[PDB]
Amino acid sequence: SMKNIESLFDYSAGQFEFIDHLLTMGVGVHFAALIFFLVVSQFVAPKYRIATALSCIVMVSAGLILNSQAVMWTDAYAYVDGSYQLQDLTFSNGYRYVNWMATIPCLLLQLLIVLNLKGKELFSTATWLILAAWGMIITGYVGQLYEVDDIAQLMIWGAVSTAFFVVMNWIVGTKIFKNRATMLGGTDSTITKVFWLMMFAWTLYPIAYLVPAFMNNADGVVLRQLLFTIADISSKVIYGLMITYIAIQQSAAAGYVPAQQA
């Protein structure tokens, strides 16, 4: 709450409205995508259809937290004497962290679904990834509690966090490069692209996490939200658009009529 660097600075109108406009824009993008993921669920064979539902759940999950950040952002600061100054203790990024605990399993689970895992291997691989992801999120959460008070502790908890992250991506890549032969309609190619999109998009988060360490000012608060914004759109919206394209393609190849007509 009062432990993040946002509570340390006044913000010009340009900075403050630009952050607000980033968060509100993120609301309209996620809820717009929800409609798309929703309408296309009928062109998906029952095999992969849960991957699309998981996108919808992600769109609303991220959308409600962005909407909450937007409102909290406007409730915390008031334009006084030519700047926006903290009025209450309501804004913090810790609500992004508590969100990721939900959305990250969904993002991984729909990856395993289109990879065509099933049964024991779906349940086993899902458990380790979700436990490695949560370990990454919980040590990352504890680390940003100190982004103001203890920069050293932020580095340590970040290092513990990145161990989970690396173990997590290793497992992900291992299943992709061992199961892509199974995939239909040529998506063995597409899935390789998705994996790198993950590598890129998700790597932006630890960079946002480190902003207080190399850019401890108000334009670092703007840079961070701009980094988070690019990361969400790529890791949730674009990622799920590709998961969706893979679901339909494989559905059509496997003889699902609604898919083959779309």
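Rigid core: the largest C-alpha set superposing within 1.5 Å between the two forms. Position 1 is the first residue in the sequence shown; the rest follow in order.
Here the rigid core sets the fit, and in 7 other deposited structures of this protein the C-alphas of 85 to 93 stray farther than those of the other stretch, out of 85 to 93 and 182 to 190. When the two stretches 42 to 50 and 224 to 232 are set side by side, the higher mean Cα temperature factor goes to 42 to 50. Looking at mean Cα B-factors across 196 to 204 and 209 to 217, the upper value is held by 209 to 217.
Each of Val160, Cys106, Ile151, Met168 has a CA temperature factor in the record; the biggest one is found at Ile151. Considering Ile138, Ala132, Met155, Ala102 together, the PDB entry gives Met155 the largest C-alpha B factor. When the modelled residues of the chain are ordered by their C-alpha B factor, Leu112 lands in the lowest third.
Per-chain ranking of the deposited C-alpha B factor places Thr174 in the lowest third.
Per the PDB record, residue ranking by Cα B-factor puts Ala33 in the middle third of the chain. The PDB entry assigns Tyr77 a C-alpha temperature factor belonging to the highest third of its chain's modelled residues. When the modelled residues of the chain are ordered by C-alpha B-factor, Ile246 sits in the middle third.
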